[PDB]
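Below: one structure, written as structure tokens.
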Amino acid sequence: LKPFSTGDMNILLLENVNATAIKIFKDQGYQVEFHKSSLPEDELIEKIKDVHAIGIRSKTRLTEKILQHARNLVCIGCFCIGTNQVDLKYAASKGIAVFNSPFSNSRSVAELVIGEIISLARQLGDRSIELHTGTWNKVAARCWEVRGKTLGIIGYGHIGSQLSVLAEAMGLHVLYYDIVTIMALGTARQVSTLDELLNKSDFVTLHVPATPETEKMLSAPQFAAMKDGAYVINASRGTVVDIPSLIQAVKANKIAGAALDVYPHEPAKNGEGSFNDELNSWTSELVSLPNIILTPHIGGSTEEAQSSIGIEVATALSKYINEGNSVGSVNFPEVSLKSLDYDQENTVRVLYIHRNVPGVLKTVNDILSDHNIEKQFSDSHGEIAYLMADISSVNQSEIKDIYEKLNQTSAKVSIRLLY
Amino acid sequence: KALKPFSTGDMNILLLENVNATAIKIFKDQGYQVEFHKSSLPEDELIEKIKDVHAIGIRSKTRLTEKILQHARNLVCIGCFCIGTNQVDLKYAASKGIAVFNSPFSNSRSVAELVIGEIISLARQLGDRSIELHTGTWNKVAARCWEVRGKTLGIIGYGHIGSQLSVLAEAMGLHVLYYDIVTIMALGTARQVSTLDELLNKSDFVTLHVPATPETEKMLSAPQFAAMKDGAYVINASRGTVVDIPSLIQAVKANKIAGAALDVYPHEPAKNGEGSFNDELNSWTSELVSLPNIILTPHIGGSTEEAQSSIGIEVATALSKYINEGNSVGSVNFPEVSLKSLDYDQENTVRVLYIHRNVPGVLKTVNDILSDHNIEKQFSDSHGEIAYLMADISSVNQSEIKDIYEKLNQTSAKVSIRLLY
Amino acid sequence: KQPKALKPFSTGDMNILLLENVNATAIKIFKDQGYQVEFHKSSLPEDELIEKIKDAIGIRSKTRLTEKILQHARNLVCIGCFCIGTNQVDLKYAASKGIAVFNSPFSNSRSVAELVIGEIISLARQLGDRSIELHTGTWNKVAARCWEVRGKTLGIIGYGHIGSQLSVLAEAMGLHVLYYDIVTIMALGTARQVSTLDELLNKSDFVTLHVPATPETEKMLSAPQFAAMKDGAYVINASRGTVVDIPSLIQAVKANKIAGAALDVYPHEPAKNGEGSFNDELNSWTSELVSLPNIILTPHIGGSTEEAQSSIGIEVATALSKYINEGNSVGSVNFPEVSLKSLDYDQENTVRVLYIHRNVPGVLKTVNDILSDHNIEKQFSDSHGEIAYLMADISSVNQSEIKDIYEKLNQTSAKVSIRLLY
Amino acid sequence: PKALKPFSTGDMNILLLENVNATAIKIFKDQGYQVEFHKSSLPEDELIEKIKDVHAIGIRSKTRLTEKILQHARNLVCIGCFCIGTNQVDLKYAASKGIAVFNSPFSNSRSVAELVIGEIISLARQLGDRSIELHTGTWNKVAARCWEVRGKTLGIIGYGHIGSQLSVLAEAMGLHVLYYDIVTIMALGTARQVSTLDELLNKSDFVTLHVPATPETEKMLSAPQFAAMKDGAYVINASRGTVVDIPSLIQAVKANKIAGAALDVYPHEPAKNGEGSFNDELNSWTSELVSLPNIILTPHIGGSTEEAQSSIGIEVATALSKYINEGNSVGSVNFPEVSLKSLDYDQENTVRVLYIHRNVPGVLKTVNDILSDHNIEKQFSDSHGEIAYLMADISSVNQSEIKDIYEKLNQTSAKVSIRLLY
Ligand SMILES: NC(=O)c1ccc[n+]([C@@H]2O[C@H](COP(=O)([O-])OP(=O)(O)OC[C@H]3O[C@@H](n4cnc5c(N)ncnc54)[C@H](O)[C@@H]3O)[C@@H](O)[C@H]2O)c1
Ligand SMILES: NC(=O)c1ccc[n+]([C@@H]2O[C@H](COP(=O)([O-])OP(=O)(O)OC[C@H]3O[C@@H](n4cnc5c(N)ncnc54)[C@H](O)[C@@H]3O)[C@@H](O)[C@H]2O)c1
Ligand SMILES: NC(=O)c1ccc[n+]([C@@H]2O[C@H](COP(=O)([O-])OP(=O)(O)OC[C@H]3O[C@@H](n4cnc5c(N)ncnc54)[C@H](O)[C@@H]3O)[C@@H](O)[C@H]2O)c1
Ligand SMILES: NC(=O)c1ccc[n+]([C@@H]2O[C@H](COP(=O)([O-])OP(=O)(O)OC[C@H]3O[C@@H](n4cnc5c(N)ncnc54)[C@H](O)[C@@H]3O)[C@@H](O)[C@H]2O)c1
Ligand SMILES: O=P([O-])([O-])O
Ligand SMILES: O=P([O-])([O-])O
Ligand SMILES: O=P([O-])([O-])O
Ligand SMILES: O=P([O-])([O-])O
């Protein structure tokens, strides 16, 4: 049904990507160099020269200094959520598409919150520390059944919706405040003001992205705006909660418990003493506080999650390496074609990345005036632009000429022809 | 025309060891004098306060034995706001015609939700990881940390807690299988298993929801563990004897069981203490705490406000229904007897509540006495050496009720008699 | 648990006759407990009926039982109406002679609901009339006033067994459910109980009746009520043949006020199946009724499914077996509802007394005097009018004692029947 | 800051010709159009006169629009078939004049699904026969081989738009769902995809067809296959008039192998409604078929509901509005599917070119030279046959410059239709 291209390139994977990425690459038929740890600037630069696609994680640092030397690279796949460890503006300038999987931790974050809602309601965390050190304190005051309480979801997005149905299944009443009017799922209610959600809610979760409107969204003023004995959970971004204000609020018995998965300063390496007061001045005060579940950014750290993120991003790079499909790139125009589901043979695909200056399409379509262009799609994501064209009857003698003509043009950034 | 005055303060009820307020609402809305205490009272103060009380509501702390109930006259029923009839001398209470009630199934959702939470904590290892960040260590690990969706939960006891656990677990995206000595109509998408071993083979999480029986003691031992999937999880919030704790610590250290969560233990302390959960209680305490992914709780399954509130509602209505209509269904130590309230349309119908010794000829005695009026309904049953009779007699005259009461009170082998009108 | 073994041995032989084609599951239950069963496919005549009855009867509303045919019937224990209604059977006399009557009224609950669901869709899409048309060669493909069921509102009158089951089905199909009932009944699913019947009619597209036959319900949907529901709505009656004023409905349907209707019961129904039964001689409007668009007529088939009949067999056979073997009589129509625990193989030499008497004072004085020699563990009696029923479990009894006890009890004044279990 | 502003006239003109749902008028009027509505299909003469300046014409299954009657249309842009099929369109002609054709093929999913649930329940209970019987005066109250639908199993052949909706509804009524589809499709609810059609037929009590017309589906269910079904099961076909071997079926029902069946589509359906169209002349088997018991016949109405025409209106009007206003041609029957982002009004100096041309080399050389004076932000061209469609967004343009840009593009060789939108 669908034709492939050349198909014999070389990819380097750096920080332990799921084997499902490996199956997709190898079953696609590529050469794959796997590494278990994060490499230093020197060994990486030497290894990137003849590499074609690199799959990095949040630790490996890719900058213009180390990316200047990579001249045979096509696309960079971040098997991550975050993109800031890659110099997007430069990679766009050199015509390299970057891909990621931003919504892969959805079910993994929902299930975590549910467990943290129940554990905080029952103080299960405190109880396990207590029996571990030999103390047995069986109290039932302020221990609740989750059923019949109300859950306030802040940000009704990918994580927010999945959480909302689950909390309904557990028998909680769901309220969500969102800047956008979003069709509520199940029995939830869209609220008009944030104050109404906070006032009426027993549990409050944060599932918003990082914006200045969300920075310290819940601070000491915001905390007091809420139910008499309540709980707060933040598993979005380390700036949404005023942690000094929060430790103040928790010590005053205003918030019954809380569970946090993200902090303002997280360390970059696992260590036996990493989570100390040196990163956060308040760490000792929090640890000495009751019924708080502290976690090291594990919201999306599940086996099932990593397998899904691996498949998705590897499939994305595979489709971009084999077809021109760039949809989902962070720093690139989103461009795609029928990829020849009915097309016959002797058909070439032009993938022309250029600088977005007028007349570029004039030069190119003139170069192509000799053969029929069946489909064409070009879009511009800033200073760089991307063109795809399918020409209908080319011979190996002609394909050579077509490439050099395209290579000699002004504002060529990258040129490829798929056979 | 006839018509009778209100007696307030006629009944006097005593509630000990902090019974939930739903109980006081149920009692006061009916109108009683209720002496509430937040603690368990001393031997002197109790006997002083119990002589003329009419109904006592206690919990597992208050000890009511033959010595303290001997002096108590004009007592009607004892309400254990408990699961167990802990520290009540039932045989003596029955002997003096005292009904004891409790609410054994009020902790069902509170135990189910706990299990659901513990399944998630073990799968994500939230317990060990939250301890680590609390102690300054940072280990963000994702290997053998699973999403619950798509796994299977093996429920060992498909009773009140078992069924409730099942629907919740399916809602979370688990496949549920349950093994039970009884075939039980599956709820929802659950699957009844043929042998326990099939469950052990096929399950990723296994929970225990059985009672304490000789068949259940150390129900999960080393053969059972090896018959479970490589790296599965175990939860027991049923009874402290159901799991072979040494066998389990052996299996987990051998990396055959990934983690487990326990709410009940073989030797739990009888009083709260600052260093109570020590090795003196259980020889394995040091070995257990050392394992990597173990979630331990102090018999907290079901220690929730909603659980206690339901216990109050259930036991307070039960005692109220016994005091007002003689209805004893559900008593722990008593015959279970009950009759249709009354229709109110027919007047001058009295109801006899005759508690007697279970000896032949008594029913001859009573029905002769009642031979003057028509007995529309009658029901008597025997539970031990004691028996209980309730009857509705028709067209009785206020002059006659006193006579019928006096004749009945003078009978042989009557332990307590009461007439409603 | 328990063994729950106990076998009734006073006479030692009983023979029950299940006629008018009772479902085969009723035959299995009776035979498997061990009885003689005389099976008949039809309803018998008075002469053949009176004979064979001396040496349990199962009827099907067709069989006519009056005091006359039961006076001669001796050694009778219980009558099982494998019916919903126990009508044209003389309940009061059978009680007078101490004969318990049983039935199964809620076994057709799922069959009637599924019907209405079926009748809702077809009225909306006019499937019936369209099929008549194609059968005679006419082809009229019209889409006007044919609706999707999803999004409409169903007015359920009476929220009982059928009303309940119908409600979840109506929603699952995507209908909004509104229901009117004289009693406040906790809605199932998303349904809403309405205040006034007039409210229900006003907002409803389909109205079904699922109420019993009472003077309050007779012709309860008449010309005012039809004028109250929305223009073009639909009327369904599968409850009782008196609840709809057919003249009022037929007036409305001719006036294009009501789009269609489906009727499963009528004021005057035939007593036998026939080729020309449904005529004006049976019901004055019958000719005008049939000459109307989109009317679904059915011959009291609401409860006529194989599954319903099998369910009717299991229920009533189980009830008769329980009354015969343990005496549990709960659910009898004309009898006191009395029952006691199983008994047990463990408790040996424990007899059960089943004593039916006239509801007159002093019977228990007489009876309990007789039993004074042995201990009564449990005893229960209740009265359903002039007749009353007593159950007793006696301990430490021997067949030597049992004979005297039956002899003494059979000799009592105003005692009507005596039975022993062993 | 110049902010040049146009005039408002009655120039915008839309023509709706035969039986359009009221939702198109609302969508068109609320968008701000002049709409000429007609209740019937007009003759060639009246049509030609009315189409000359129509920006947009909407026809139905009746209206005949051909190249000859389309020659006169000059200011015409798109033809919207408020249909499932585009049979009377003459697509090649519309393409030649650069006219896009639209339709709504999947609107009838819930209407045909609901019909099936009703027809399943009606066959199970033999409602059609019973209602014919009472109308003809006969009263036959039979329950034998009449079933509750709950607990039986439904076999779905074709799990597409209709099959999927049907599966959920059938489960709601208490059925087990099995489906055979040539493509492995993710089952909905508790359904199971079965491997072979033969597996499906053996275990099923009800069989439904929801497949397209293919040589693989033509006479898909024939006599070998019917004999491969449960003894005394049911057959439903509301897909295509070619999928069932009607003689094979009539054989099986007369052989008491198939208890009943319901058909909505046939090999030879009339093109016009008639009082005698469906005679033996139309289908050789018609007389034998109609004489068979428990068969539900319907005249290709599985999608003839008000809700269906309302949904069709919303869909096709929305599609035409998008082509007129934004150029999005996705879903056209005879046209390339081309679309670009909605164009945030915030950038107020960008033109949109909708350039329809002949699919020959050098066109994009010619065009992008013309547009070379300004930056083309986005561009998208695709080709359907000999015609092609270009959309381009060119930046920082002034009303002064637009005249040239339109003039040059209108002046190009092999330009068939050009439109600029800002
Ligand atoms: N803990 C973890 O390890 C982990 C894992 C995955 C995602 N996350 C974080 O969780 C967050 C949610 O992820 P997602 O996939 O749900 O994103 P999302 O973009 O689908 O949803 C975010 C939602 O928040 C809403 N929103 C934004 N600002 C808001 C505000 N001020 N008030 C109310 N609503 C607001 C947006 O409208 C949007 O619907 C992101 O910040 C993501 O980085 C954390
Ligand atoms: N953790 C807590 O603090 C807490 C609170 C309340 C109840 N519980 C305990 O939980 C247990 C279950 O409570 P419940 O309400 O479900 O009781 P239950 O009587 O409702 O259910 C027990 C079930 O176990 C089944 N069963 C019996 N023996 C079995 C065996 N050997 N193997 C498997 N199944 C067997 C029975 O058939 C029954 O279905 C009890 O022991 C109860 O005291 C614990
Ligand atoms: N078509 C058949 O063959 C067939 C089969 C079975 C049952 N039925 C009939 O259907 C009817 C309903 O049966 P059911 O088992 O649900 O009975 P039901 O007793 O369970 O329910 C009847 C309900 O109607 C309500 N009601 C009574 N009078 C009312 C009034 N005036 N207005 C509104 N609501 C009123 C009652 O409160 C009750 O909830 C019965 O009459 C039954 O005989 C017909
Ligand atoms: N009765 C009516 O008036 C009416 C109305 C609308 C649609 N229909 C017809 O119903 C049919 C289904 O419509 P839809 O919207 O579901 O279409 P669809 O394309 O969504 O679904 C058709 C399904 O059939 C499957 N399939 C195709 N050929 C098959 C074969 N030989 N065997 C098994 N499976 C096969 C396809 O994979 C697909 O799942 C169409 O033919 C349509 O014309 C009839
Ligand atoms: O008491 P009595 O005899 O039953 O009336
Ligand atoms: O008298 P009695 O038998 O013991 O009850
Ligand atoms: O290439 P083309 O010119 O579009 O056809
Ligand atoms: O040529 P351009 O417009 O830049 O794409």
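Residue numbers start at 1 in each chain; chains themselves are named A, B, ... in the order of the structure tokens; ligands are numbered from 1 in the order shown.
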(request) Taking only C-alpha atoms into account, report as JSON, numbers by chain which residues of chain A lie within 12 Å of chain D. (result) {"A": [333, 334, 335, 336, 337, 338, 355, 356, 357, 358, 359, 360, 361, 362, 363, 364, 365, 366, 367, 368, 369, 370, 371, 372, 373, 374, 375, 376, 377, 378, 379, 380, 381, 382, 383, 384, 385, 386, 387, 388, 389, 390, 391, 392, 393]}
(message) Could you list, as a PyMOL selection string, all protein and nucleic acid residues with an atom at most 7 Å from ligand 5, counting only C-alpha atoms and all ligand atoms?
(response) (chain B and resi 371+373-377) or (chain C and resi 359-364+383+388)
Export of the given selection (N, CA, C and O atoms) as a PDB file, in the first residue's frame:
```pdb
ATOM      1  N   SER B 371     -56.560 -15.928  77.272  1.00  0.00           N
ATOM      2  CA  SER B 371     -57.700 -16.584  76.651  1.00  0.00           C
ATOM      3  C   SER B 371     -58.909 -15.663  76.563  1.00  0.00           C
ATOM      4  O   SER B 371     -59.781 -15.890  75.719  1.00  0.00           O
ATOM      5  N   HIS B 373     -59.116 -12.546  75.502  1.00  0.00           N
ATOM      6  CA  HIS B 373     -59.132 -11.707  74.316  1.00  0.00           C
ATOM      7  C   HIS B 373     -58.579 -12.475  73.119  1.00  0.00           C
ATOM      8  O   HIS B 373     -57.924 -13.518  73.252  1.00  0.00           O
ATOM      9  N   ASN B 374     -58.881 -11.956  71.936  1.00  0.00           N
ATOM     10  CA  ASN B 374     -58.410 -12.582  70.718  1.00  0.00           C
ATOM     11  C   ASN B 374     -56.962 -12.171  70.493  1.00  0.00           C
ATOM     12  O   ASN B 374     -56.626 -10.981  70.537  1.00  0.00           O
ATOM     13  N   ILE B 375     -56.111 -13.157  70.240  1.00  0.00           N
ATOM     14  CA  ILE B 375     -54.716 -12.932  69.889  1.00  0.00           C
ATOM     15  C   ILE B 375     -54.603 -12.929  68.375  1.00  0.00           C
ATOM     16  O   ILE B 375     -54.699 -13.977  67.738  1.00  0.00           O
ATOM     17  N   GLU B 376     -54.390 -11.754  67.779  1.00  0.00           N
ATOM     18  CA  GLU B 376     -54.357 -11.684  66.319  1.00  0.00           C
ATOM     19  C   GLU B 376     -53.068 -12.293  65.759  1.00  0.00           C
ATOM     20  O   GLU B 376     -53.105 -13.029  64.766  1.00  0.00           O
ATOM     21  N   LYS B 377     -51.920 -11.996  66.387  1.00  0.00           N
ATOM     22  CA  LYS B 377     -50.612 -12.502  65.971  1.00  0.00           C
ATOM     23  C   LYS B 377     -49.822 -12.929  67.202  1.00  0.00           C
ATOM     24  O   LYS B 377     -50.055 -12.428  68.302  1.00  0.00           O
TER      25      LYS B 377
ATOM     26  N   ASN C 359     -60.448 -17.934  63.347  1.00  0.00           N
ATOM     27  CA  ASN C 359     -59.822 -16.831  64.080  1.00  0.00           C
ATOM     28  C   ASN C 359     -60.728 -16.395  65.231  1.00  0.00           C
ATOM     29  O   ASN C 359     -61.315 -15.312  65.234  1.00  0.00           O
ATOM     30  N   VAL C 360     -60.778 -17.246  66.255  1.00  0.00           N
ATOM     31  CA  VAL C 360     -61.639 -17.031  67.417  1.00  0.00           C
ATOM     32  C   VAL C 360     -60.783 -17.166  68.676  1.00  0.00           C
ATOM     33  O   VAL C 360     -59.878 -18.016  68.709  1.00  0.00           O
ATOM     34  N   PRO C 361     -61.034 -16.371  69.730  1.00  0.00           N
ATOM     35  CA  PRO C 361     -60.174 -16.414  70.932  1.00  0.00           C
ATOM     36  C   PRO C 361     -60.172 -17.771  71.639  1.00  0.00           C
ATOM     37  O   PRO C 361     -61.115 -18.560  71.536  1.00  0.00           O
ATOM     38  N   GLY C 362     -59.080 -18.043  72.366  1.00  0.00           N
ATOM     39  CA  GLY C 362     -58.927 -19.252  73.164  1.00  0.00           C
ATOM     40  C   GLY C 362     -58.314 -20.447  72.451  1.00  0.00           C
ATOM     41  O   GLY C 362     -57.963 -21.431  73.125  1.00  0.00           O
ATOM     42  N   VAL C 363     -58.122 -20.368  71.124  1.00  0.00           N
ATOM     43  CA  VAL C 363     -57.581 -21.481  70.339  1.00  0.00           C
ATOM     44  C   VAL C 363     -56.168 -21.820  70.789  1.00  0.00           C
ATOM     45  O   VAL C 363     -55.747 -22.982  70.761  1.00  0.00           O
ATOM     46  N   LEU C 364     -55.380 -20.798  71.084  1.00  0.00           N
ATOM     47  CA  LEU C 364     -54.024 -21.024  71.547  1.00  0.00           C
ATOM     48  C   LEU C 364     -53.985 -21.549  72.978  1.00  0.00           C
ATOM     49  O   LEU C 364     -53.070 -22.302  73.329  1.00  0.00           O
ATOM     50  N   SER C 383     -53.379 -14.032  61.615  1.00  0.00           N
ATOM     51  CA  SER C 383     -54.766 -14.177  61.209  1.00  0.00           C
ATOM     52  C   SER C 383     -55.063 -13.314  60.000  1.00  0.00           C
ATOM     53  O   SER C 383     -54.806 -12.107  60.025  1.00  0.00           O
ATOM     54  N   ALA C 388     -57.113 -18.417  60.512  1.00  0.00           N
ATOM     55  CA  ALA C 388     -55.806 -18.155  61.097  1.00  0.00           C
ATOM     56  C   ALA C 388     -54.953 -19.410  60.954  1.00  0.00           C
ATOM     57  O   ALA C 388     -55.482 -20.509  60.748  1.00  0.00           O
TER      58      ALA C 388
END
```
(request) Would you mind listing what lies within 6 Å of segment 135-139 of chain A as a ChimeraX atom specification, with only C-alpha atoms counted and same-chain residues fewer than 6 positions away left out? (result) /B:274-277,298
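For chain D, the residues close to chain C, meaning within 6 Å and counting only C-alpha atoms, are residues 111, 118, 121, 130, 131, 135, 137, 138, 139, 140, 141, 143, 146, 147, 172, 273, 274, 275, 276, 278, 279, 290, 296, 297, 298, 299, 304, 305 and 306 of chain D.
Take the candidates A:206, A:406, A:226, A:252 and check each one against ligand 1 using only C-alpha atoms and all ligand atoms; the shortest distance goes to A:206.
Atom CA of residue 127 of chain B is positioned 12.4 Å from atom CA of residue 139 of chain B.
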(message) Neighbouring residues of residue 181 of chain D were defined as those with any atom within 7 Å, considering only C-alpha atoms; residues of the same chain fewer than 3 positions away were excluded. Please report them as a PyMOL selection string.
(response) chain D and resi 157-159+184
Atoms kept (N, CA and C atoms) for selection, written as a short mmCIF file (atom, residue, chain, number, x, y, z; two decimals), in the first residue's frame:
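Contents of selection-v2.cif, freshly written:
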```
data_model
loop_
_atom_site.label_atom_id
_atom_site.label_comp_id
_atom_site.auth_asym_id
_atom_site.auth_seq_id
_atom_site.Cartn_x
_atom_site.Cartn_y
_atom_site.Cartn_z
N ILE D 157 -22.96 -7.97 11.07
CA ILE D 157 -22.09 -8.07 9.89
C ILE D 157 -21.81 -6.65 9.44
N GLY D 158 -20.63 -6.14 9.77
CA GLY D 158 -20.27 -4.78 9.42
C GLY D 158 -20.39 -3.84 10.60
N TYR D 159 -19.25 -3.49 11.20
CA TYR D 159 -19.17 -2.74 12.45
C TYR D 159 -18.80 -1.28 12.22
N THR D 184 -10.03 -5.92 11.40
CA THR D 184 -10.06 -6.07 12.86
C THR D 184 -10.33 -4.71 13.49
#
```
(message) At a cut-off of 9 Å, using only C-alpha atoms, what residues contact residue 190 of chain B? Leave out same-chain residues fewer than 5 positions from it and give the result as a list in words.
(response) residues 166, 167, 170, 175, 176, 177 and 178 of chain B
Include N, CA and C atoms and write out the residues we just selected as a short mmCIF file (atom, residue, chain, number, x, y, z; two decimals), in the first residue's frame.
```
data_model
loop_
_atom_site.label_atom_id
_atom_site.label_comp_id
_atom_site.auth_asym_id
_atom_site.auth_seq_id
_atom_site.Cartn_x
_atom_site.Cartn_y
_atom_site.Cartn_z
N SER B 166 -14.77 -4.93 44.75
CA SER B 166 -14.79 -5.37 43.36
C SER B 166 -15.24 -4.27 42.41
N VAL B 167 -16.39 -3.64 42.70
CA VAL B 167 -16.91 -2.61 41.79
C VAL B 167 -15.98 -1.42 41.73
N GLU B 170 -12.97 -2.44 39.54
CA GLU B 170 -13.23 -2.44 38.10
C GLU B 170 -13.33 -1.00 37.58
N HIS B 175 -8.84 -5.80 36.29
CA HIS B 175 -9.63 -7.01 36.10
C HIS B 175 -9.74 -7.71 37.45
N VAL B 176 -10.95 -8.04 37.86
CA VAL B 176 -11.18 -8.59 39.20
C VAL B 176 -11.51 -10.07 39.08
N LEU B 177 -10.81 -10.86 39.88
CA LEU B 177 -11.13 -12.27 40.09
C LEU B 177 -11.30 -12.52 41.59
N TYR B 178 -12.24 -13.38 41.95
CA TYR B 178 -12.45 -13.62 43.37
C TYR B 178 -12.66 -15.11 43.63
#
```
(message) Taking only C-alpha atoms into account, find every residue of chain B that has an atom no more than 8 Å from chain A, and write it out as a PyMOL selection string.
(response) chain B and resi 109-110+113-114+116-118+120-121+124+126-127+129-131+133-148+168+171-172+272-278+289+295-300+303-307
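Across B:412, B:367, B:189, B:399, the tightest approach to chain D is made by B:189 when counting only C-alpha atoms.
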(message) For the structure I just gave you, how does DSSP split segment 94-295 of chain D - specifically, which residues are strand (DSSP E or B)? Reply as a PyMOL selection string.
(response) chain D and resi 100-102+139+153-157+176-180+192-193+206-209+221+233-237+244+258-263+274+295
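In this comparison, which uses only C-alpha atoms and all ligand atoms, the residue of D:259, D:156, D:142, D:211 approaching ligand 3 most closely is D:142.
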(message) How would you report the residues lying within 9 Å of ligand 1, as a ChimeraX atom specification, if you count only C-alpha atoms and all ligand atoms?
(response) /A:81-82,102-106,108-109,112,153-162,176-182,194,206-215,217,234-237,260-262,296-301
(request) Kindly provide, as a ChimeraX atom specification, all nucleotide and amino acid residues lying within 7 Å of ligand 6, counting only C-alpha atoms and all ligand atoms. (result) /B:357-363,380-382,387 /C:374-378
File of the preceding selection, N, CA, C and O atoms, as a compact mmCIF listing (two decimals), in the first residue's frame:
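Written file, again_27.txt:
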```txt
# COMPACT_ATOMS: atom_id res chain seq x y z
N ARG B 357 -37.91 -18.18 80.61
CA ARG B 357 -37.02 -19.33 80.59
C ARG B 357 -37.57 -20.35 79.60
O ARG B 357 -38.78 -20.49 79.43
N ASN B 358 -36.66 -20.98 78.85
CA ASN B 358 -37.04 -21.88 77.75
C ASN B 358 -37.34 -23.27 78.34
O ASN B 358 -36.54 -24.21 78.27
N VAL B 359 -38.51 -23.37 78.94
CA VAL B 359 -38.94 -24.56 79.67
C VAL B 359 -40.32 -24.93 79.17
O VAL B 359 -41.12 -24.03 78.86
N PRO B 360 -40.67 -26.21 79.07
CA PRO B 360 -41.99 -26.56 78.56
C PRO B 360 -43.11 -25.99 79.43
O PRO B 360 -42.91 -25.66 80.61
N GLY B 361 -44.27 -25.80 78.79
CA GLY B 361 -45.50 -25.39 79.42
C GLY B 361 -45.70 -23.90 79.56
O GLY B 361 -46.81 -23.48 79.92
N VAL B 362 -44.68 -23.09 79.28
CA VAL B 362 -44.81 -21.65 79.46
C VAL B 362 -45.85 -21.09 78.50
O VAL B 362 -46.66 -20.23 78.88
N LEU B 363 -45.84 -21.55 77.27
CA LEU B 363 -46.79 -21.01 76.31
C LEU B 363 -48.22 -21.40 76.67
O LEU B 363 -49.15 -20.61 76.43
N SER B 380 -42.95 -16.67 69.11
CA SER B 380 -42.02 -16.87 70.20
C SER B 380 -40.87 -17.70 69.67
O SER B 380 -41.11 -18.65 68.92
N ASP B 381 -39.64 -17.37 70.06
CA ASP B 381 -38.50 -18.18 69.66
C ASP B 381 -37.51 -18.23 70.80
O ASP B 381 -37.52 -17.38 71.70
N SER B 382 -36.64 -19.22 70.74
CA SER B 382 -35.72 -19.56 71.81
C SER B 382 -34.32 -19.44 71.25
O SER B 382 -34.07 -19.91 70.15
N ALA B 387 -35.82 -17.38 76.08
CA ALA B 387 -36.76 -17.32 74.97
C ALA B 387 -37.56 -16.02 75.05
O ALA B 387 -37.69 -15.42 76.12
N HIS C 374 -44.52 -31.44 75.74
CA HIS C 374 -43.23 -31.24 75.11
C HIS C 374 -42.93 -29.76 74.96
O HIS C 374 -43.83 -28.92 74.99
N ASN C 375 -41.64 -29.48 74.80
CA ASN C 375 -41.13 -28.11 74.69
C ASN C 375 -41.28 -27.59 73.26
O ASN C 375 -40.89 -28.26 72.29
N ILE C 376 -41.82 -26.39 73.14
CA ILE C 376 -42.00 -25.70 71.87
C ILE C 376 -40.81 -24.77 71.66
O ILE C 376 -40.65 -23.79 72.38
N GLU C 377 -39.94 -25.08 70.70
CA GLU C 377 -38.79 -24.19 70.51
C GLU C 377 -39.22 -22.89 69.85
O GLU C 377 -38.91 -21.80 70.35
N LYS C 378 -40.01 -22.96 68.77
CA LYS C 378 -40.49 -21.78 68.06
C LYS C 378 -41.95 -21.95 67.67
O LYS C 378 -42.40 -23.05 67.36
```
